[PDB]
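For reference, the structure discussed in these notes is given below.
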Amino acid sequence: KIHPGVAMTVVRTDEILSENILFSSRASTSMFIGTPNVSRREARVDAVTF
Amino acid sequence: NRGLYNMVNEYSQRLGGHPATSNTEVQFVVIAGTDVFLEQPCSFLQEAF
Amino acid sequence: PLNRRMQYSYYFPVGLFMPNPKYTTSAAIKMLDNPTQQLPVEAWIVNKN
Amino acid sequence: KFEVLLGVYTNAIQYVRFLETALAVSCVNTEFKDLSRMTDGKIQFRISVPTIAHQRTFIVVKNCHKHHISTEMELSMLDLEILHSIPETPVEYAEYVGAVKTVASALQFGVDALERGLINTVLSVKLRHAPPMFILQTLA
Amino acid sequence: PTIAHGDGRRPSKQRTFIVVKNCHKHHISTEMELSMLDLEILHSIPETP
Amino acid sequence: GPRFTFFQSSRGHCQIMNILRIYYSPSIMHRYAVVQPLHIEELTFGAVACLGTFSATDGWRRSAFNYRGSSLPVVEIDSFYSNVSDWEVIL
Amino acid sequence: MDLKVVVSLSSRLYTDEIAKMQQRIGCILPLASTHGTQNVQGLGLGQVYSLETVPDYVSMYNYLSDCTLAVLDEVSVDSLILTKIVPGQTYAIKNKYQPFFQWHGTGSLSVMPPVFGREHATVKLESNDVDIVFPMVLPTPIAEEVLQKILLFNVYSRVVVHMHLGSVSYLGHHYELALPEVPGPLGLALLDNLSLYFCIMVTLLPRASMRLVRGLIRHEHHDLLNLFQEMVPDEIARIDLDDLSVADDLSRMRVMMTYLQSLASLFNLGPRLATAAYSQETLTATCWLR
Amino acid sequence: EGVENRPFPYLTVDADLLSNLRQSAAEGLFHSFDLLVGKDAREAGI
């Protein structure tokens with residue numbers, strides 16, 4: 001427990017779970033909504049996956 | 001150790017973490033349950049203040 | 001999505017050494033040691049709890 | 001003697017329309033029926049900047065960016081073969097009704113997951129262009 | 001319900017829980033006493049005050 | 001005596017003989033150490049065969065098989081597409 | 001059945017990267033998942049083949065057999081679409097690969113990690129800061145020649161003849177290929193299994209065929225016999241001193257043909273494509289997965 | 001498990017029953033439950 005001939009500066013990172021607040025102004029972004037088209041992916045032998 | 005909500009129901013339902021008795025001159029171990037109402041945080045979180 | 005995890009960075013030195021004209025801006029600390037011949041060897045950190 | 005069944009219950013899954021929440025105050029919407037055929041979308045801005053006597057126009061372009069989202073509902077081959085066929089006996093009608101309720105509930109769940117993923121993509125793209133507060137307190 | 005996502009993730013195909021809840025059945029019993037001395041006179045009719 | 005094991009994998013046949021040789025790596029030297037293969041036909045450490053494909057997500061849900069007396073654990077692969085193959089020897 | 005995987009890029013894409021990707025339309029690309037939409041990470045062979053100096057080809061094979069396969073048909077800005085290759089369907093796969101291997105009529109195609117360089121079959125995407133590389137698709141005999149040339153350079157590395165091994169030769173052109181130095185534990189595990197196979201071959205190999213070829217070299221000269229340079233090897237001399245017996249030979253061949261099928265399946269790494277009716281005028285082939 | 005998977009006239013109520021449900025049921029708050037995901041999420045045959 002003697003001191004060595006050198007020192008150290010211990011850096012670490014600490015994660016903090018926050019509860020954010022998002023503001024956004026009116027008419028900031030114009031967006032086009034598409035069409036919800038349905039499909040068939042896989043005809044597995046007992047269940048078909050849409 | 002197993003489960004967390006079932007630990008809460010184990011805490012609330014019958015609550016036998018082997019507590020001591022009451023209204024005796026020296027504390028014994030209680031055997032007859034749900035007659036004296038107890039509550040044991042030490043039997044839940046295993047520490048001491 | 002809003003409950004995000006910001007992570008900061010903390011840093012602290014361990015075992016530094018003051019220059020030789022030492023001093024103290026306190027009153028109620030008395031250490032049984034020769035004050036001009038003491039240096040740290042460990043650093044004490046407070047935990048999350 | 002008897003065992004009693006004190007009523008079955010279920011949640012009525014409320015459909016959450018994108019305009020039924022106030023996130024749609026942030027965004028003006030247009031039903032564009034051919035977004036699969038939209039390879040690009042751009043917007044020109046001619047900003048005329050005046051001067052102060054003790055002339056500039058900053059032509060900037062902003063481009064759109066598509067967002068493809070899709071979940072995967074799954075339906076068995078039982079309640080399609082029993083769905084396409086015709087029921088005759090009342091037990092098969094009580095089965096066929098359950099099959100069509102399963103299929104309609106899965107399809108309604110699919111469009112419900114799409115209309116929730118729309119809000120998720122809106123909430124994400126409103127995060128992607130959102131610098132934090134301590135920067136824009138000084139920058140503004 | 002779930003959320004359709006842009007990134008390729010393992011999609012939860014229409015999860016549905018079927019939970020049950022058993023009833024708690026417990027009876028209450030009082031034990032009211034009634035002497036037969038003021039019960040045998042309940043059957044007859046009075047004729048003297 | 002011989003053994004009949006069952007392997008679920010999400011890989012190719014080229015991968016499956018390599019990883020099954022690696023899985024049987026103690027057993028081959030076990031059979032070699034207790035019995036010297038004195039002839040030429042005892043070299044084959046059995047063979048494998050693909051029984052077919054199924055979905056990698058909801059595969060192999062564990063269940064139980066009850067007889068009248070007892071009950072053993074048994075896997076339950078659901079929605080199997082059976083496709084047998086010839087025997088590929090392990091060595 | 002609908003096989004259409006749209007991969008949304010998380011950023012934009014410049015016109016030079018668009019024009020470079022648009023030349024590689026119809027080339028086979030692997031994917032991370034098999035779902036509807038995907039992000040750009042996991043696409044291509046680039047996640048296992050990093051931008052380094054050291055390659056490892058067998059790990060890319062273990063990737064390729066694990067992942068699915070798709071064909072690149074539409075690429076746009078901010079999103080490019082892919083068409084999956086599921087077994088059971090029949091696809092039109094165009095020959096849009098720059099080292100031009102001419103394809104056989106109804107032969108068999110074979111996918112492959114990029115043996116002719118990283119920079120040769122790639123697109124640099126600085127905009128999404130990742131790299132999409134393209135797996136080589138070449139016919140199966142030339143694929144076997146490339147695979148055995150890689151393994152032969154892996155075994156001859158402690159010996160040295162280099163350019164006689166480090167360059168494939170096809171009738172269209174002979175090509176150089178990138179030669180690494182060590183495949184790590186996986187290529188050595190493949191060589192370990194092939195060493196087991198080769199050593200058990202030289203255990204159970206018959207002796208009457210050596211007695212055939214020893215007199216046959218002394219009898220006949222052939223292009224199957226010119227590589228011995230009219231010198232019977234000494235092992236043929238010190239094995240053919242024994243007699244000939246047909247019963248032990250039929251016992252030996254019943255393990256020889258038993259092991260050679262599994263040795264054939266020790267070269268089926270990487271998924272294989274069974275093609276049909278390849279037209280040499282449109283460079284496409286009606287092909288399906290084997 | 002005592003859960004019956006039979007079809008039923010399921011009365012639809014409006015209370016938010018699934019308020020942190022999957023992390024509750026995976027930890028086993030309920031005495032006996034059944035999770036049906038995908039092809040088993042249908043009505044059973046009579």
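Labels used: A, B, ... for chains in the order of the structure tokens, numbers from 1 for residues in each chain, and numbers from 1 for ligands as shown.
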
For range 14-24 of chain B, list every protein, DNA or RNA residue within 10 Å, evaluated using only C-alpha atoms, and leave out those in the same chain fewer than 2 positions away; present the list as a PyMOL selection string. chain B and resi 8-12+26-34+36-44

Could you tell me, as a list in words, which residues of chain A DSSP assigns to strand (DSSP E or B) when given the backbone? residues 8, 9, 10, 11, 12, 13, 14, 15, 16, 17, 29, 30, 31, 32, 33, 42, 43, 47, 48 and 49 of chain A

May I have the residues from that selection written out with C-alpha atoms, as a PDB file, in the first residue's frame?
ATOM      1  CA  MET A   8      -3.512   7.782 -12.683  1.00  0.00           C
ATOM      2  CA  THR A   9      -6.639   9.676 -13.711  1.00  0.00           C
ATOM      3  CA  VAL A  10      -9.469   7.161 -13.749  1.00  0.00           C
ATOM      4  CA  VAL A  11     -11.921   7.991 -16.527  1.00  0.00           C
ATOM      5  CA  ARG A  12     -15.233   6.140 -16.683  1.00  0.00           C
ATOM      6  CA  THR A  13     -18.615   6.486 -18.350  1.00  0.00           C
ATOM      7  CA  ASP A  14     -21.923   6.483 -16.511  1.00  0.00           C
ATOM      8  CA  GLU A  15     -25.193   5.730 -18.274  1.00  0.00           C
ATOM      9  CA  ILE A  16     -28.248   7.713 -17.168  1.00  0.00           C
ATOM     10  CA  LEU A  17     -31.756   6.687 -18.185  1.00  0.00           C
ATOM     11  CA  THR A  29     -42.577  18.387 -42.190  1.00  0.00           C
ATOM     12  CA  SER A  30     -44.825  17.503 -45.103  1.00  0.00           C
ATOM     13  CA  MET A  31     -45.246  13.767 -45.546  1.00  0.00           C
ATOM     14  CA  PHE A  32     -47.019  11.541 -48.034  1.00  0.00           C
ATOM     15  CA  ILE A  33     -48.793   8.468 -46.684  1.00  0.00           C
ATOM     16  CA  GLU A  42     -44.034 -17.831 -47.393  1.00  0.00           C
ATOM     17  CA  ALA A  43     -46.337 -20.809 -47.823  1.00  0.00           C
ATOM     18  CA  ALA A  47     -49.213 -21.539 -41.842  1.00  0.00           C
ATOM     19  CA  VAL A  48     -48.952 -18.905 -44.533  1.00  0.00           C
ATOM     20  CA  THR A  49     -47.236 -15.701 -43.410  1.00  0.00           C
TER      21      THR A  49
END

Can you pull out the residues contacting residue 286 in chain G? Cut-off 8 Å, using only C-alpha atoms, and skip same-chain residues under 5 positions away; I want them as a list in words.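 The residues that qualify are residues 90, 91, 92, 93, 275, 276, 277 and 278 of chain G.
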
Could those residues be written to a file, using C-alpha atoms, as an mmCIF file, in the first residue's frame?
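Wrote part26.cif, looks like this:
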data_model
loop_
_atom_site.group_PDB
_atom_site.id
_atom_site.type_symbol
_atom_site.label_atom_id
_atom_site.label_comp_id
_atom_site.auth_asym_id
_atom_site.auth_seq_id
_atom_site.Cartn_x
_atom_site.Cartn_y
_atom_site.Cartn_z
ATOM 1 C CA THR G 90 -37.455 -20.570 -60.807
ATOM 2 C CA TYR G 91 -35.449 -17.434 -61.522
ATOM 3 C CA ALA G 92 -33.767 -15.619 -64.388
ATOM 4 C CA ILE G 93 -30.183 -14.917 -63.329
ATOM 5 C CA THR G 275 -29.308 -23.778 -64.203
ATOM 6 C CA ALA G 276 -31.048 -24.491 -67.500
ATOM 7 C CA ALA G 277 -31.235 -22.997 -71.011
ATOM 8 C CA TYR G 278 -28.552 -20.336 -70.785
#

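Here CA of residue 44 in chain H is placed at a distance of 13.7 Å from CA of residue 80 in chain D.
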
Would you kindly report the residues of chain G within 10 Å of chain A, using only C-alpha atoms, as a tab-separated table (two decimals) with N, CA and C atoms, in the first residue's frame?
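Full text of part.tsv as output:
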chain	number	residue	atom	x	y	z
G	1	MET	N	-46.88	-16.23	-54.60
G	1	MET	CA	-45.85	-15.94	-53.60
G	1	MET	C	-45.10	-14.67	-53.97
G	2	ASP	N	-44.97	-13.77	-53.00
G	2	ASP	CA	-44.34	-12.47	-53.23
G	2	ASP	C	-42.96	-12.45	-52.59
G	3	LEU	N	-41.93	-12.33	-53.42
G	3	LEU	CA	-40.54	-12.27	-52.97
G	3	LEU	C	-39.99	-10.91	-53.37
G	4	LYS	N	-40.04	-9.96	-52.45
G	4	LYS	CA	-39.60	-8.60	-52.75
G	4	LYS	C	-39.11	-8.00	-51.44
G	34	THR	N	-34.68	-12.82	-43.79
G	34	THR	CA	-35.55	-13.12	-44.91
G	34	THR	C	-36.84	-12.31	-44.86
G	35	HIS	N	-36.87	-11.23	-44.08
G	35	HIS	CA	-38.12	-10.54	-43.80
G	35	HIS	C	-38.46	-9.56	-44.92
G	36	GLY	N	-39.43	-8.68	-44.66
G	36	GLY	CA	-39.92	-7.76	-45.67
G	36	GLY	C	-38.96	-6.63	-46.00
G	86	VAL	N	-35.74	-18.30	-52.91
G	86	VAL	CA	-36.20	-19.36	-52.02
G	86	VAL	C	-36.25	-20.63	-52.85

Quick one: residues within 12 Å of residue 84 in chain F, only C-alpha atoms, excluding same-chain residues fewer than 6 positions away - as an NGL selection string? :F and (48-53)

Would you give me, as JSON, numbers by chain, the residues in chain D that DSSP reads as alpha helix (DSSP H)? {"D": [78, 79, 80, 81, 82, 83, 84, 90, 91, 92, 93, 94, 95, 96, 97, 98, 99, 100, 101, 102, 103, 104, 105, 106, 107, 108, 109, 110, 111, 112, 113, 114, 115, 116, 117, 118, 119, 120, 121, 122, 123, 124, 125, 126, 127, 128, 133, 134, 135, 136, 137, 138, 139]}

Taking only C-alpha atoms into account, report as a PyMOL selection string which residues of chain G lie within 7 Å of chain D. chain G and resi 8+36-37+76+78

Emit the selected residues as a PDB file, in the first residue's frame, including C-alpha atoms.
ATOM      1  CA  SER G   8     -33.978   1.249 -47.132  1.00  0.00           C
ATOM      2  CA  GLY G  36     -39.915  -7.761 -45.670  1.00  0.00           C
ATOM      3  CA  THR G  37     -37.708  -4.709 -45.179  1.00  0.00           C
ATOM      4  CA  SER G  76     -32.849   3.906 -56.308  1.00  0.00           C
ATOM      5  CA  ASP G  78     -32.260   6.085 -50.353  1.00  0.00           C
TER       6      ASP G  78
END
